[PDB]
Each structure stands twice: as C-alpha cells, then as structure tokens.
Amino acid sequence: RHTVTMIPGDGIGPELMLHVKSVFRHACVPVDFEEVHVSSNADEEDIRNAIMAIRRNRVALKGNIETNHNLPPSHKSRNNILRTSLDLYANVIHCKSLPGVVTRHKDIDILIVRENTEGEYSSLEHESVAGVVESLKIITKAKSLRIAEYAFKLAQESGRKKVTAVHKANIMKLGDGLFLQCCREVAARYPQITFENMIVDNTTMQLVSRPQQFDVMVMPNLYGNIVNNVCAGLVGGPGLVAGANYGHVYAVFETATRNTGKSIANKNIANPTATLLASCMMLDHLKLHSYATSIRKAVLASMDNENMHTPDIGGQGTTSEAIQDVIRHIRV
C-alpha cells in the first residue's frame, strides 16, 4: 500500500475527490489518501502543512484552491505557492481528440510542456510612485533548460517528432529570447527531433484553425496557461484533460485547467473525467499501472456512450451516474 496526499481544494474539488475514493475502493486500489485542507485564511499555516505532507509522501492529488483576487498582494495564490516551493517545474498536459466528444476539430494530439515555477508567476510587483505598478516577469537559464530538457526527452521517449517553442521574443527580446536560446541549446542534443518556434499570437491563430500541425509544445509559464486552455477547449472543455506537475522528486496531479468550479459545485453536474484521468496518471507514477489501465479504460469507455455525458460536453448526465458507469466497467 501507498500513502498519497490529497488536497480537496475548493469548488468542485471536494465532491470529485469523493468519487475518486469510491472508484479506488471498488477497484481495490492499494492507496490510502491522507487529506490536508487549505482554508481561505491569509496565514500560510495550511499551505505549509500541505507542502510538508507532500514532501513526506512525494505524491499528491489535488483540486484547485480558490484565489480571491480581491485580497491584497500579500495574500498569494496557494496553488502557485505549493507549485513553486515543491519546485514542480514541469506542467504537462496531453490534449487528444476524444472520439465520443465531437467538437469543431478532429485529430488533435498535442503534448504541452509548460514551465511551472517562473515567468509571470513569480509574484514580483511594486509601486514606485502612486498609481505606477511594475510586475517582474523572470526568465532564467537554469529553469528554461530544465523545462526544455523535459520537453525534448518526453518527445523522444513518446515517439513524437516535433517540438515547438512558443514565445514573444519579437517584443520580449531578452526574456523570451533567453528562453528560446535554452530550447535551442537542448535541441542540439536531440537532432532527430524537429525543432521549431512560433509567436504565441500566431500559435493561438493556428490552434483554432489547424491544431493538427502541433506535436510537442514547450513554453514559459503564462503562455502555457493560455495554450493549455485553448487546447482543452478544442477537445471538449475543462472536464476532460488531466494535468501533471513534475519536480525532480515530487509529482502532483490535478485537472489540466485548474478550475475551482464554484458556480457548479454541489449540483452533481461536474464532469469527473479529468479528475479520474489525473488519478490514473498518479497511479501510473506510483507504478501501479494495472490499476491505472483498468480505471483509465473504464473512464474512456463511459465517454463512448453519449448518454453518460455531463452538460459540459453537451449531455445532461450527473456526476454520480458517470461514476456508476465507470464502476460498472471495472470488472474483477
């Protein structure tokens, strides 16, 4: 048996964690969840506990922690704090067209490797004089090489062929330019991988017209926020894609688009697909692959029935009906 930290988070996070536990019991998964909560309070006691629990267990499954952007700058996003203190430098999501979820585009299959600790997310701002604010986007060589190393090695181990770096180095010549330059350094060690670059503006235009050109994509923090959410949209929305956060030693799994879901919480409508699929990436990371494959095939099969669809993908099914049809396919 393994012990895994679980942070229920806010919005739809808690109810979906319960369904994760149910599926784990019915699949007899040898995993115990040790829960740590993170409240709404400005003091960092809870987030510090969660980090330390994750240090102890080295693997977590988390919902999204609400960030009230009406609080003062001193109150920082707890999601970002946890990501940065644990140094989970790679955010990885895999957006693939689901055959039973028909959208406006088909044959999408994109791996997005997003720098997850630096960039616009450094929380560095000040006011020089009254009503003049600066925010400091930070790009460094060590993190840019780290993320590019992950993206190229991932591409090669996956059988993928092309890596596209997304950037704004035509305007942010030094910041984004350094990021590009570290990508190019890594590309030199992977000559079998086609390496390309594209301006973030153009990338969005290509994504909504011909997203099939993309293979592996690597980029700094904010551009990854944007591209993750475009791609998730193209394949059917926030209820479908799992997201992984990898450090050297730690791994934290969540939904790709990091939505709290306050407006749909406690209505038995949230799509559980993304959360279940993330729990399968965690099971895979724990090397309990057989349990992962079993839950993952059930979850993907229930998606082939349009009747089990929740409203986010055009259906009218509830969360608990979908969980039932996942448990039904799990045969022992």
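C-alpha atoms forming the largest set that superposes within 1.5 Å between two forms make up the rigid core. For every residue, the number given is its place in the sequence shown, counted from 1.
- Each structure in 7 other deposited structures of this protein is fitted to the shown form on the rigid core, and of 100 to 108 and 131 to 139 the C-alphas lie farther away on average for 131 to 139.
- Once the structures in 7 other deposited structures of this protein are superposed via the core, the pair 242 to 250 and 192 to 200 is resolved in favour of 192 to 200 as the more displaced stretch (C-alpha RMS).
- The PDB entry records a higher mean C-alpha B factor for 292 to 300 than for its counterpart among 292 to 300 and 275 to 283.
- Legend: mean Cα B-factor per stretch from the PDB entry, 43 to 51 versus 265 to 273; the higher mean is in 43 to 51.
- Note on the listed residues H248, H167, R104, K162: the highest Cα temperature factor in the record is that of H248.
- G11 sits in the middle third of its chain by CA B factor, as recorded in the PDB entry.
- Per-chain ranking of the deposited C-alpha B factor places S320 in the lowest third.
- Looking at the C-alpha B-factors along this chain, the one for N91 belongs to the lowest third.
- Looking at the C-alpha B-factors along this chain, the one for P73 belongs to the middle third.
- Residue-level temperature factors show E254 in the lowest third of its chain, judged at the C-alpha atom.
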